[PDB]
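Peer 1:
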Amino acid sequence: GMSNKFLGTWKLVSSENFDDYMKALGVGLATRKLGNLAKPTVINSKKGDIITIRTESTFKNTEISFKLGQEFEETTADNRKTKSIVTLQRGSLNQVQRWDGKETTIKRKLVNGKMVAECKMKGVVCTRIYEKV
Ligand SMILES: CCCCCC/C=C\CCCCCCCCCC(=O)O
Numbered sequence: 000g001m002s003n004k005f006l007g008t009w010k011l012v013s014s015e016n017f018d019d020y021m022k023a024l025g026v027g028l029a030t031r032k033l034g035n036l037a038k039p040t041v042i043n044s045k046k047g048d049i050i051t052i053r054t055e056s057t058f059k060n061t062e063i064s065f066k067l068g069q070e071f072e073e074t075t076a077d078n079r080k081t082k083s084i085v086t087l088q089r090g091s092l093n094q095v096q097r098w099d100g101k102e103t104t105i106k107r108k109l110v111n112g113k114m115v116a117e118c119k120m121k122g123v124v125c126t127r128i129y130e131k132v
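According to the authors' numbering, the sequence shown is numbered sequentially starting from 0.
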């Protein structure tokens with residue numbers, strides 16, 4: 000199952016290519032400007048088989064709760080209404096979001112104690128690195 004090392008509170012320390020990733024998602028300029036300035040805290044928790052990923056920032060907060068492999072309805076930070084599924088693949092927690100015939104993937108994995116999120120949309124790849132606590 001998912002490693003308990005995922006669980007806890009994480010702080011963004013690095014973000015690479017987020018602007019072009021947001022452009023690929025259709026996010027407008029003013030929103031992208033604030034999105035690029037955000038340094039969110041991500042809190043991963045688990046209760047039973049239900050996993051929760053909560054994101055907190057001054058600009059926007061989000062929260063998703065899910066069981067592995069079961070599709071759920073998600074509202075994203077940029078207010079897309081997606082159908083999403085999270086799977087586990089070689090220690091990588093992989094989230095796929097589908098809406099309006101499009102899809103994007105967010106793959107979260109642990110690397111030397113950091114959480115690395117790789118966000119992909121239409122060949123555009125963004126990497127965000129988080130530190131524990
Ligand atoms: C907290 C989310 C980012 C900052 C606030 C929202 C800013 C722009 C909305 C554009 C969509 C953001 C997609 C979220 C990708 C998060 C990937 C990650 O967890 O590192």
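We treat Cβ as the ideally placed atom computed from N, Cα and C, and that holds for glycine.
How long is the line joining the alpha carbons of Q69 and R31, rounded to whole angstroms?
Peer 2: If you number the sequence shown from 1, residue 69 lands on position 70. If you number the sequence shown from 1, residue 31 lands on position 32. About 31 Å.
Peer 1: What are the boundary residues of the alpha helix (DSSP H) that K59 is part of?
Peer 2: Residue 59 sits at position 60 when you count from the first residue of the sequence shown. Careful: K59 lies outside any alpha helix (DSSP H) and carries neither H nor E.
Peer 1: Please report the straight-line C-alpha distance between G7 and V110, rounded to a whole angstrom.
Peer 2: Mapped onto the sequence shown, residue 7 falls at position 8. Mapped onto the sequence shown, residue 110 falls at position 111. Those two C-alpha atoms are separated by around 15 Å.
Peer 1: By Cβ distance below 7 Å, which residues in the same chain neighbour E130 in space, the five residues on each side in sequence not counted?
Peer 2: The residue given as residue 130 occupies position 131 in the sequence shown. Excluding sequence neighbours, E130 sits near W9, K10, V12 and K113.
Peer 1: Three-state secondary structure (DSSP) at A116?
Peer 2: As a working note, residue 116 is residue 117 in the sequence shown. If DSSP states are grouped into helix, strand and coil, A116 belongs with the strands.
Peer 1: Can you tell me whether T81 sits near ligand 1, meaning its C-beta is under 7 Å from at least one heavy atom of the ligand?
Peer 2: To locate residue 81, count along the sequence shown from 1; it is residue 82. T81: no, Cβ never under 7 Å from ligand 1.
Peer 1: Under 6 Å Cβ to Cβ from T104, same chain only, skipping five residues before and after it: list those, please.
Peer 2: By 1-based counting over the sequence shown, the position of residue 104 is 105. Counting only Cβ-Cβ distances below 6 Å, and skipping sequence neighbours, we find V95 and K119.
Peer 1: By the 10 Å Cβ neighbour count, where 16 or more other Cβ atoms means buried, how is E15 classified, buried or exposed?
Peer 2: As a first step, residue 15 is located in the sequence shown; it is residue number 16 there, counting from the start. Result: exposed.
Peer 1: Rounding to the nearest angstrom, what Cα-Cα distance links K82 and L67 in this structure?
Peer 2: Stepping through the sequence shown from its first residue, residue 82 is reached at position 83. Stepping through the sequence shown from its first residue, residue 67 is reached at position 68. One C-alpha to the other measures close to 14 Å.
Peer 1: Using the Cα positions of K59 and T86, report the straight-line distance between them to the nearest angstrom.
Peer 2: Position 60 of the sequence shown, counted from the start, is the residue given in the question as residue 59. Position 87 of the sequence shown, counted from the start, is the residue given in the question as residue 86. Going by the C-alpha atoms only, they are around 25 Å apart.
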